[PDB]
Amino acid sequence: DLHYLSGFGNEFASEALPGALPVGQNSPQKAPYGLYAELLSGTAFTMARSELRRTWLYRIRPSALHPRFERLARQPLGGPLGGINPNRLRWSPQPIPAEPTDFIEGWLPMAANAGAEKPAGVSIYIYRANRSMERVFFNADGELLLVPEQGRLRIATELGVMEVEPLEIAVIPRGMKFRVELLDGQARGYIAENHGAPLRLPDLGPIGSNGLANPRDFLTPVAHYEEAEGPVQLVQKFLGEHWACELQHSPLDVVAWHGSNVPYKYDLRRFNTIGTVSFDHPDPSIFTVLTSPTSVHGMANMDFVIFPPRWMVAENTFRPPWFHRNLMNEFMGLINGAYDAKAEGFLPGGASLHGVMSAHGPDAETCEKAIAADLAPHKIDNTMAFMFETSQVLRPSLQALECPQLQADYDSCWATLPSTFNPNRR
Amino acid sequence: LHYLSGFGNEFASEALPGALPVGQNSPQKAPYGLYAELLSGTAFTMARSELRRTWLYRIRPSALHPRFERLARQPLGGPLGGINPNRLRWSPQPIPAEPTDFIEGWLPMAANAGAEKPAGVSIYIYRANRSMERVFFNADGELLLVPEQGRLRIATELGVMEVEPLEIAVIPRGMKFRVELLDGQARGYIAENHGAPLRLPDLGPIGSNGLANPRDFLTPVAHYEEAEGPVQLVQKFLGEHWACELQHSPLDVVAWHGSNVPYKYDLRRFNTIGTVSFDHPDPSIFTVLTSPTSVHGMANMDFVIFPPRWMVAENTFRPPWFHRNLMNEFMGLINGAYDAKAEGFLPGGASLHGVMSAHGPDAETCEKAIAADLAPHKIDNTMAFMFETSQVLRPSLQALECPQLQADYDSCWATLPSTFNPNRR
Amino acid sequence: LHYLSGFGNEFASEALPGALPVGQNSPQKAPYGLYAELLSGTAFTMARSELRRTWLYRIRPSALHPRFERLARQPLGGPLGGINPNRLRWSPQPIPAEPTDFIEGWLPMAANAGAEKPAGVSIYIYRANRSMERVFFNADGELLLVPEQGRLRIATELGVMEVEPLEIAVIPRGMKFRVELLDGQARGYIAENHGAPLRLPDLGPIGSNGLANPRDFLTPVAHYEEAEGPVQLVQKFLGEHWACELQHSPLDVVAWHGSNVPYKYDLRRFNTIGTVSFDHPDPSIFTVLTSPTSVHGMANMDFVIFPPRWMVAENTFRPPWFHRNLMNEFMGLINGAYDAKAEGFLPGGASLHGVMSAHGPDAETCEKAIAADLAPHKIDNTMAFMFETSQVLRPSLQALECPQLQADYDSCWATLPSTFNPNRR
Amino acid sequence: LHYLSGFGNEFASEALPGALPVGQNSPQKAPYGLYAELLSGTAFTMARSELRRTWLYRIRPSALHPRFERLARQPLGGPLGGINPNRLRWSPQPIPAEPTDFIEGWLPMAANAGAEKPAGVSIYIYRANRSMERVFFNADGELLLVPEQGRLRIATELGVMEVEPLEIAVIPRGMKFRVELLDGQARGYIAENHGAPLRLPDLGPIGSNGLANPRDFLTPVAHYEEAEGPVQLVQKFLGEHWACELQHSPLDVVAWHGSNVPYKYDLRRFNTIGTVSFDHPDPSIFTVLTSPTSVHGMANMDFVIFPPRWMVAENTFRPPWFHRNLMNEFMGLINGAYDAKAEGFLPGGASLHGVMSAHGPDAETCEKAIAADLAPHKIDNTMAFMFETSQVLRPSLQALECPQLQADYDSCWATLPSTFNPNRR
Ligand SMILES: O=C(O)Cc1cc(O)ccc1O
Ligand SMILES: O=C(O)Cc1cc(O)ccc1O
Ligand SMILES: O=C(O)Cc1cc(O)ccc1O
Ligand SMILES: O=C(O)Cc1cc(O)ccc1O
Ligand SMILES: [Fe+3]
Ligand SMILES: [Fe+3]
Ligand SMILES: [Fe+3]
Ligand SMILES: [Fe+3]
């Protein structure tokens with residue numbers, strides 16, 4: 001049923017009725033089908049064209065037709081930041097709550113660059129839901145990157161419907177209205193809420209003009225509108241708060257649209273993974289799928305990086321990640337299988353945080369196997385881990401620090417590292 | 001009053017002949033026994049196009065002052081309002097009965113940050129009923145002033161300028177000035193720019209002429225005062241008023257040269273660019289002045305106007321399109337009526353449409369425009385404007401409790417009908 | 001003929017279902033037994049916004065060809081003309097009698113450099129009376145086509161597009177095509193771009209919409225030929241036509257994806273921006289496409305048009321102002337009449353005003369515009385354009401020797417009167 | 001021989017203790033009575049990342065020389081060849097019988113410009129059968145040397161380095177050196193860079209390690225000659241050899257410090273990056289050194305290698321894709337065989353595929369690569385490379401008439417079969 005349009009960054013055009021898009025202009029005095037033209041400006045008007053995101057919508061009712069928004073009683077993001085804590089942290093998977101919880105009600109704040117009330121940089125959540133949304137929602141605080149881990153989602157957006165399963169990702173532009181339906185009854189996955197410059201493909205450098213995530217594989221849904229008359233709740237997230245009003249129509253009433261500010265999805269199984277074909281262990285920036293820049297050239301707001309099935313051929317090399325201390329902040333999760341660097345304790349749905357200059361690296365067991373291994377071409381398979389790497393430090397929420405799922409002795413995973421130093425034998 | 005023209009020029013003005021040193025900035029014995037002082041409006045190391053600095057030749061160094069002390073009267077110390085995503089509209093602000101000079105009468109409307117940590121832009125509406133009997137400088141930012149009622153006579157260190165409704169003036173951060181109310185009372189708007197100084201927009205395809213022409217930006221000529229007697233010196237620092245008493249007038253600059261200057265501009269001289277075919281151009285096209293960030297293309301704020309202009313778009317919906325925006329749109333009105341809003345938006349009024357809030361023409365403007373007979377139409381007798389900021393503008397507590405805040409703004413859109421017919425393109 | 005819309009898109013098109021490999025570019029065994037081939041329009045390492053590259057899935061690789069040999073017929077061999085700083089105007093070019101297909105009919109008009117050392121821009125007028133019975137590619141640059149008389153049907157590697165006067169078309173460097181004349185004969189203008197590929201201008205204050213809207217740029221859908229038999233393949237290299245003989249059609253691309261594409265654009269769809277107040281905006285404001293240099297702001301060439309448009313400027317001299325320009329202004333005319341010239345400038349004609357040559361409205365146009373009663377006037381039924389280049393344009397020997405070159409173009413300004421009266425402001 | 005390590009370092013080396021002035025560059029009385037001399041490899045005002053300058057402390061200043069005089073023997077005086085778009089391949093070059101030292105033996109293969117107006121890049125193959133009994137510098141550009149047969153002992157102003165096949169060496173413009181042939185004869189390739197100095201490529205997502213690691217670039221330590229006796233000093237200027245005679249050694253630098261240095265690099269140390277999944281990455285991914293232009297992303301030339309490497313791409317056509325390129329591809333071979341060409345391409349040989357020429361794997365390689373059953377495979381015992389330039393490479397007349405030019409290179413692609421079946425995905 002669902003068709004998609006391909007090509008990251010494209011000026012797309014889609015209409016659900018023939019000729020619904022005005023021809024040769026954006027704002028006819030009398031629009032086709034008696035629709036209303038509406039502009040969704042995702043960026044300042046004066047961005048360089050390469051950075052412009054904006055979409056013209058031709059819709060049954062203007063978005064401006066809504067009564068006063070009011071603050072909902074139920075607020076999942078109102079918990080305070082946790083205390084200062086430099087420790088290396090790891091969480092076991094999050095259980096799905098018993099009480100009714102839809103997609104937006106189910107975000108568990110893990111760690112963020114700032115407090116919810118003054119969004120900046122990145123905010124990280126784990127979502128757990130057991131109901132489809134019976135309302136429509138937009139996020140005024142940022143762009144959303146969704147990384148499903150358990151259960152498929154059907155995401156009905158203003159520009160059309162997309163379905164996403166684990167091993168795929170989805171991105172929803174700031175301000176865009178959507179409704180998240182659960183195809184498998186319940187769902188769990190990771191969210192990076194990006195409050196800065198929109199995610200986009202990394203500069204490829206010497207990799208050139210193809211590879212990593214190829215832009216042909218980024219898919220955007222085709223136009224689709226609803227005509228359901230009767231009360232519909234519109235919720236927006238603003239400064240961390242859920243506010244709502246009630247409409248008497250469906251706000252997913254866009255019959256046609258054209259432009260570049262679009263929801264999209266991507267299948268990580270399609271990543272054109274580049275790595276070493278010789279020796280050593282490349283910097284994990286080499287696995288970058290999407291990135292959000294800052295005004296500081298080369299220092300991202302965040303990089304979305306993956307660790308996929310891949311060939312390991314490095315000769316005479318310590319193949320797992322090197323022991324590491326980073327200016328950046330490293331938040332990892334796991335979609336399936338096991339991650340190469342950690343023998344036990346890092347499960348799908350789990351998470352780790354190694355903040356600025358925290359000493360990390362492969363655990364004792366992994367290290368021991370790696371040095372002893374007899375090296376031949378080896379394909380890592382049946383796994384997908386990822387990282388949200390942020391320039392700003394990630395402060396864990398109080399909820400996360402108080403989480404029963406917060407493992408108590410993560411530090412022990414390094415505790416048995418032996419000295420093997422012998423100044424007498426090079 | 002005489003003026004020097006040319007936005008961004010290296011000016012030179014002297015109130016006494018030869019008062020400027022010739023061929024250097026720092027003579028050992030300066031003409032007329034004046035003191036050389038440097039006002040660095042930017043870091044020393046800015047590229048030359050970004051540099052703002054003025055050399056002052058003055059009777060007493062600004063360094064001659066006793067300790068500043070916090071004033072009890074603090075117009076800008078009120079809290080920030082609570083979180084509120086709603087579309088907001090305010091009726092004109094009445095002028096207070098209590099004695100209130102220019103600096104005492106800034107009503108905080110909305111700001112990117114709390115007054116104690118200035119960042120981005122702070123927006124105010126000023127109301128005053130007294131001329132200033134003292135001198136003031138703002139350590140927190142550059143001031144953009146947009147008079148709505150009443151003329152201002154502004155005595156600055158670099159000289160005197162007068163501004164009336166339909167003109168704007170800008171006072172650089174740290175520059176001392178004193179505001180006289182020529183008409184007894186005054187009301188207008190203020191954008192306080194805590195970021196990169198306002199400048200002319202990059203014209204892109206518009207090229208090398210158009211919009212605000214640089215020849216129209218006017219700076220006053222040198223004028224000094226020789227009052228001996230106690231003068232209060234007030235500064236705004238991190239939101240607070242602090243003061244000391246001097247025994248001389250700090251407006252004692254006999255000559256100056258450089259680029260860091262106060263200036264004025266008559267909005268009636270704007271070379272308005274628009275469509276000459278069809279459709280409705282983005283309102284960035286009406287940009288008068290802009291403050292950039294380190295992110296190319298994304299301003300700290302754009303100052304944009306909606307002036308008398310020709311509407312000629314054919315087969316077009318001529319009023320603004322329905323819109324949702326990353327940026328934050330604060331609109332004011334200097335005179336007349338604005339084309340997007342039939343009623344409720346008056347001179348001295350304000351509207352705030354925050355990031356991604358759904359806005360556009362009201363139901364009435366909509367009906368009329370679709371049924372209108374398209375033909376060249378001169379919009380006249382109006383002047384609206386917008387301060388557009390990239391950071392969200394947080395309404396102050398005062399603005400949210402304001403009797404002038406309209407209770408039923410959302411109702412102006414309430415009667416928009418569905419006209420959809422799936423069976424008729 | 002179907003098209004794909006959106007300037008600069010990563011497009012994907014297949015003439016057979018699933019002819020595009022899914023999830024990769026280079027399968028070991030490609031669908032349908034096709035061959036993968038990459039056309040790199042730019043260096044691999046360009047920033048993504050500047051990247052132009054298309055993947056092709058074709059019956060035979062382009063590498064399957066015998067040695068190229070120089071043809072005896074060389075339309076572009078003529079030398080550069082002598083040095084001449086004068087203002088030049090040519091009448092329309094007659095179509096020659098002898099058989100002349102599209103590539104045989106380019107009359108070199110003016111160019112930044114000799115044809116054997118391509119640089120900047122080379123300008124031609126094409127005259128043809130035969131469809132091509134061969135396939136062609138230009139190794140020297142991107143081709144901007146501006147038809148003036150006659151429809152073209154252009155069969156490219158990526159598919160077929162048809163172009164008529166008032167439309168333009170661009171064929172990327174190195175891409176193979178064949179031109180069929182739908183009307184028996186054809187005439188038009190060519191800008192051959194040896195520099196950075198043409199693209200949409202930065203809009204500055206115009207914002208995110210306007211001028212040439214990206215949705216209006218159309219790219220053909222995949223289309224392949226299967227005619228076996230002998231086919232001549234010609235390439236232009238350093239000004240010369242070289243050819244080889246193939247035993248298959250080189251237009252055998254069954255599927256493709258990417259961003260290095262031919263496209264067309266309808267100039268009637270141009271969202272024309274201009275003055276809605278007074279004065280006369282810089283003609284850069286009419287920019288459709290632009291080729292930049294490494295010097296920001298200074299294009300290799302701007303392609304600018306002068307379309308139907310409302311003139312409403314008040315108390316203004318509305319025709320172009322008198323002008324001297326660093327840049328070099330080559331004008332053509334697709335239909336109608338141009339606003340700055342009253343006689344002598346006809347469809348298919350050309351004018352050249354080089355670096356610092358004094359140009360402006362002719363005496364007749366000037367006289368009328370000063371005397372006119374001013375009111376809203378719609379310029380209609382006309383399309384002029386300009387190729388504006390930063391490097392000087394050297395007229396060819398053929399152009400300087402042309403019978404179509406007018407002998408007394410200077411005379412059109414000869415009657416400009418003084419009207420200066422120092423006693424009457 | 002000892003070396004200092006780290007591409008782009010501020011190095012410091014002295015052959016006598018304390019010969020480098022401490023804490024300054026220009027003492028009034030320098031240690032040991034030496035002369036200070038600055039070698040400015042770049043403009044003074046380059047950003048520091050781009051700066052190359054070396055301070056020398058030497059026995060006599062370089063200014064002590066008689067007038068230079070044009071040599072009668074001119075190795076590079078032959079003209080450019082005619083225009084020729086064809087794909088070209090040459091067999092290895094024989095070494096001439098006549099006495100020919102390093103600089104006498106450069107055979108021009110292809111260049112962006114005629115020797116008299118150096119621009120971009122010039123490519124040569126050197127053949128020599130004598131060591132130099134004289135000293136040489138190149139005013140026209142930086143030299144990248146790629147030995148293929150025979151070892152070199154290169155005495156430079158900054159010290160002595162030894163280079164063998166599989167290593168490269170770079171000598172900065174203007175620096176003096178003398179080449180000794182350790183094996184009696186030598187043959188190899190040269191890229192003469194007339195533009196921005198070669199440097200490490202921006203790594204992009206590869207990040208902060210990989211490709212050529214900076215620690216592996218080695219520079220010789222100070223070494224001076226005290227001999228008095230006749231020495232000929234030759235320079236290449238605008239393509240011509242000019243010489244004067246000294247009665248002392250110009251390799252008399254006792255101490256030096258700075259960043260403008262000769263260096264060498266072992267290609268066997270290249271941290272090769274490639275696909276660990278599928279497809280065939282752009283060969284830019286093999287970049288060792290690059291020379292930029294003012295156009296970001298578009299190199300003057302990239303130096304790229306094809307080294308021993310693991311081939312794991314699954315369900316993939318593993319050899320280079322068929323290709324047409326804006327850029328110009330000159331390939332060479334140091335040892336073994338290159339993956340894309342079954343026969344005809346030997347160590348010492350060369351290919352040129354110019355802008356938009358159709359290239360790709362030969363029919364033999366292609367056929368085999370489609371049929372092979374894929375498994376992990378280490379390509380080994382090979383080293384090829386490419387000089388890829390943005391400007392077109394014109395082959396010299398010498399190279400076009402060279403007996404070693406292969407008469408039927410096009411034949412290698414002539415047996416490419418159609419395998420298209422439109423009725424079978
Ligand atoms: O495994 C980790 O925790 C992250 C990581 C991955 C990698 O490839 C190199 C370094 C590193 O810290
Ligand atoms: O009228 C408004 O509120 C502001 C506005 C002006 C305009 O020209 C286009 C869009 C827009 O929201
Ligand atoms: O008429 C011309 O020749 C071209 C031209 C057009 C314009 O709008 C302003 C100046 C100019 O030279
Ligand atoms: O083999 C060649 O001629 C050079 C080459 C190498 C490569 O990896 C991809 C394309 C290409 O043309
Ligand atoms: Fe790390
Ligand atoms: Fe708006
Ligand atoms: Fe002109
Ligand atoms: Fe190639």
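Letters A, B, ... are given to chains in the order of the sequence lines, protein chains preceding strands, and every chain is numbered from 1. Remember, it's 1-based here, ligands and their atoms both numbered in the order they're listed.
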Among non-hydrogen protein atoms, atom 8 (O) of ligand 3 lies closest to C:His280 NE2, 2.7 Å
Looking only at protein heavy atoms, what sits closest to atom 3 (O) of ligand 3 is C:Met331 SD, 3.7 Å
Among all protein non-hydrogen atoms, which one is nearest to atom 5 (C) of ligand 3, and what is the separation to 0.1 Å?
C:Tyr338 OH, 3.6 Å
Is it the case that C:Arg309 places NZ or CZ above or below the six-membered ring of C:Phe286, under 6.0 angstrom from the centre and within 45 degrees of the axis?
yes
Among protein heavy atoms, which sits nearest to atom 10 (C) of ligand 3, and what does the distance come to when rounded to 0.1 Å?
C:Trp321 CZ3, 3.6 Å
Proximal atoms of ligand 4 relative to D:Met386 (non-hydrogen, under 4.0 Å):
4 (C)
How wide is the angle at the Fe ion (ligand 7) spanned by C:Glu329 OE2 and C:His359 NE2, rounded to 10 degrees?
90°
Please determine if the Fe ion (ligand 7) has an N/O/S atom from C:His323 lying under 2.8 Å away.
yes
Numbered atoms and elements of ligand 3 in range of C:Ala340, under 4.0 angstrom, heavy atoms:
1 (O)
Check the side chains of D:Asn271 and A:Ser278 for a donor-acceptor pair under 3.5 angstrom, ignoring hydrogens and angles.
yes
Kindly assign one of parallel, tilted or perpendicular to the pair C:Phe137 and C:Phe68, based on the angle between their ring planes and the thresholds 30° and 60°.
perpendicular
Taking heavy atoms and a distance under 4.0 Å, where does D:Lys341 meet ligand 4: side chain, backbone, both or neither?
neither
Quick one: nearest non-hydrogen protein atom to atom 11 (C) of ligand 4, plus distance?
D:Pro320 CB, 3.9 Å
Report the relative orientation of the aromatic rings in C:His353 and C:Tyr409; use parallel for angles under 30°, tilted for 30 to 60°, perpendicular for over 60°.
parallel
Examine the side chains of C:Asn25 and D:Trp321 and answer whether a donor and an acceptor come within less than 3.5 Å of each other.
no
Subset of ligand 4 atoms that lie under 4.0 Å from at least one heavy atom of D:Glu329:
4 (C), 12 (O)
Parallel, tilted or perpendicular for C:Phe44 and D:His323, by the 30°/60° rule?
parallel
Heteroatom distance test (C:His359, ligand 3): nitrogen or oxygen, under 3.5 angstrom
yes
Start with the C-alpha gap between C:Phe385 and C:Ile334, add the side-chain angles, then the distance that decides, and say whether side-chain contact (heavy atoms from CB on, under 4.5 Å) holds.
CA-CA 8 Å; C:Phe385 70 87; C:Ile334 297 158; 4.0 Å; yes
State whether a side-chain donor-acceptor pair under 3.5 Å links C:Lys341 with C:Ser351.
no
